[PDB]
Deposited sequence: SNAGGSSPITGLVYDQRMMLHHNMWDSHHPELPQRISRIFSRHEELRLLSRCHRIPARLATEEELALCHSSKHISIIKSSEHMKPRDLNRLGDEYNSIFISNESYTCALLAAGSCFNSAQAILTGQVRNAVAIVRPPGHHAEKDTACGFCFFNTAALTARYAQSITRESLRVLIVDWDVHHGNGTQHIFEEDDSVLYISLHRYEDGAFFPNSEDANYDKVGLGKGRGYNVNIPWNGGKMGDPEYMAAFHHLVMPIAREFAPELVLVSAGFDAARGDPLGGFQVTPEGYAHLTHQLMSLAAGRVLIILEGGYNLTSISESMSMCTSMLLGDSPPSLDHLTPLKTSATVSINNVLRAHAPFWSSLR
């Protein structure tokens, strides 16, 4: 009954040489790590070492061309890093970016391995750059390789191809890359909650709407919960978990749970504009711990208020360690009820628990 933690300060070396105030800051991960020490959570965790992902491991989800392009940035002069970054939607690149992205993925693989070999029950991965916008063939939205997607495939690569993996993505943005990588797959259930605003919110695609339910044998295995109409918080996230995330997850019966845990829906985040509290994230984590015999891996995605993400992810680790959930029914925003019911309508053909 042990919680693993992976963190490596070498992931701070990825930086924006043109705008040192860009919100995807190196100190995102060092501030989260420091808060774990201050709250005396670090000493209660089993430290899992970081490692580099291998290029063969990246090929679990990414094309050889994409891997080769990002790898080539290691040796580029600034002008060519600028040019290469500009080929993507919202990407900046330094000579250290490729290595940091490898460490983020390799750290999560070692964490999934620690869970699946029984060395730990659950784990937290304090990693950057993020992953969930990265596609098979392209970088996007501060993400180079899709760490969470890769970790699901790595888990399957050391157990069985059909291992049931649930990915819960509570980053405020839609994980477009994760959805696409698994869109035809019934072994990986992708559930995303995200601000949508009818396509006005990044990444600005109708791929994120509730009617995108998966393709082929994956039909029913992609669950988009899109928010419209401004600020959402704990009441709306708790209701989405009550009506949708947890009933569907229980029916799926995952053997491993991965959380794409962005904290940019948090109170105070300048990019997300939402109001989920640290206690809220604690309750979300505690609910997910009831799944998969507690085999849960929390993977940092976005989140840009340093104080907010440090307190919120620490509360998640406190729940993984078995601490009692903090005290937290406020009526939902009217448009949140509309969103939840749209998703229920979309997925009742596939999940009996919704009927």
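Missing segments of the deposited chain sequence, listed N- to C-terminal: Deposited residues absent from the model fall in 1-7, 336-337.
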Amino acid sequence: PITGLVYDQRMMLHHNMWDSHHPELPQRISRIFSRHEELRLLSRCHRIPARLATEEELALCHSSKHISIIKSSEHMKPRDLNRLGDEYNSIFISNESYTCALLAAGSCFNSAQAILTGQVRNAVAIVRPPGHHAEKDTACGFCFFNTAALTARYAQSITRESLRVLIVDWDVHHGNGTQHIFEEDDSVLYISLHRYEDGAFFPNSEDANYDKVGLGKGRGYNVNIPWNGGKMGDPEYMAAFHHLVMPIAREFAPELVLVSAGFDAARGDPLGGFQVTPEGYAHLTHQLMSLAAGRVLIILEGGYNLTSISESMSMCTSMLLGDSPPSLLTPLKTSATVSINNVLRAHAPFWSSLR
From here on, numbers count along this sequence of modelled residues.
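Here the rigid core means the biggest group of C-alpha atoms that line up within 1.5 Å when the two forms are laid on top of each other.
Divergent stretch in 9 other deposited structures of this protein, 222-230 or 238-246 [C-alpha RMS, superposed by the core]: When 238-246 and 222-230 are compared in 9 other deposited structures of this protein, 222-230 lies farther out.
At least a third of the other entries leave residue 329 unmodelled: In at least a third of the comparable entries (those modelling both sides of it), residue 329 has no coordinates.
Segment of higher mean CA temperature factor, 64-72 or 28-36: So the stretch with the higher mean C-alpha B-factor is 64-72.
Residue stretch of maximal mean CA temperature factor, 294-302 vs 55-63: 55-63 has the higher mean C-alpha B-factor.
Residue of maximum C-alpha B factor among 174, 242, 180, 83, per deposited coordinates: Most elevated C-alpha B-factor of the set, per the entry: 83.
Of the residues 272, 229, 254, 141, the one carrying the largest Cα B-factor as recorded: Most elevated C-alpha B-factor of the set, per the entry: 229.
Chain-wide C-alpha B factor ranking for residue 343, given as lowest, middle or highest third: Lowest third.
CA B-factor ranking of residue 215, expressed as a third of its chain: Top third by C-alpha B-factor.
Chain third (lowest, middle, highest) by recorded CA B-factor, residue given as residue 12: Tercile = lowest for this residue's CA B-factor.
Third of chain Cα B-factors occupied by residue 279: Within its chain, residue 279 is a middle-third residue by C-alpha B-factor, going by the deposited values.
CA B-factor placement of residue 261, once the chain's modelled residues are sorted into thirds: Ranked within chain, residue 261 CA B lands in the lowest tercile.
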